[PDB]
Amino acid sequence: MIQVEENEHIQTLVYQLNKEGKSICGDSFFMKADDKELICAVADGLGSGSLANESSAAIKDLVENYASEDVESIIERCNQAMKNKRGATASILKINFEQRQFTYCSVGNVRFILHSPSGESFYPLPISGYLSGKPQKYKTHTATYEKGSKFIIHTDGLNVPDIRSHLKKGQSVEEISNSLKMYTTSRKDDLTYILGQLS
């Protein structure tokens, strides 16, 4: 499944495909942009299939509902919703277009890479563990991006040697998605990614 959106400030593409032979995806995403701001999130539920879905889907619902809050507030709501559930790894990104500012908070193995034209990348290491409902000491990143920046957020189902290169070479989110096609054919796990190109 592919979903594309565009406004004056960003173009985005969401890709998701289930693990081969699996009916119920354990990954979830949420994406909304208006003329002023973006929120997006990607999550991978612990366990698999349905119960994994309950955890990642709870994340998607809370990010939509609480989108106006700061990323760390949103992720803590997500953490509290994981008590008595499988848990999930998750990443939450907000962008203010006028300021060209992003804010990012994550726990687990959902990765975020933002490539700058100038050749700077923001590519944080994964935070160990997962959102379980037990206490967390979150790290929030706040930074300015430059016009032309391109990013991806992806679950562990996408395994790529050099993601930065795909972001650098692509001229659009469709092109970057197509550039990644070889990594999508095996379907060894659920695979979700969100691409963005920022004006």
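Quick note: we count residues from 1 along the sequence shown, nothing fancier. Rigid core (definition): largest C-alpha set, two forms, superposition within 1.5 Å.
Farther on average from this form in 5 other deposited structures of this protein lies stretch 47-55, the comparison being between 23-31 and 47-55 by RMS Cα distance after core superposition. Of the two segments, 129-137 and 165-173, the one listed with the higher mean B-factor is 129-137 (C-alpha atoms only).
Legend: mean Cα B-factor per stretch from the PDB entry, 11-19 versus 181-189; the higher mean is in 181-189. When the Cα B-factors of 100, 111, 94, 83 are read from the PDB record, 83 comes out highest. Ranked by Cα temperature factor within the chain, residue 147 sits in the middle third according to the deposited record. In this PDB entry, residue 158 carries a Cα temperature factor that places it within the middle third of its chain's modelled residues.
Residue 27 sits in the lowest third of its chain by CA B factor, as recorded in the PDB entry. In the PDB entry, residue 194 places in the lowest third of its chain by CA B-factor. Residue-level temperature factors show residue 70 in the highest third of its chain, judged at the C-alpha atom.
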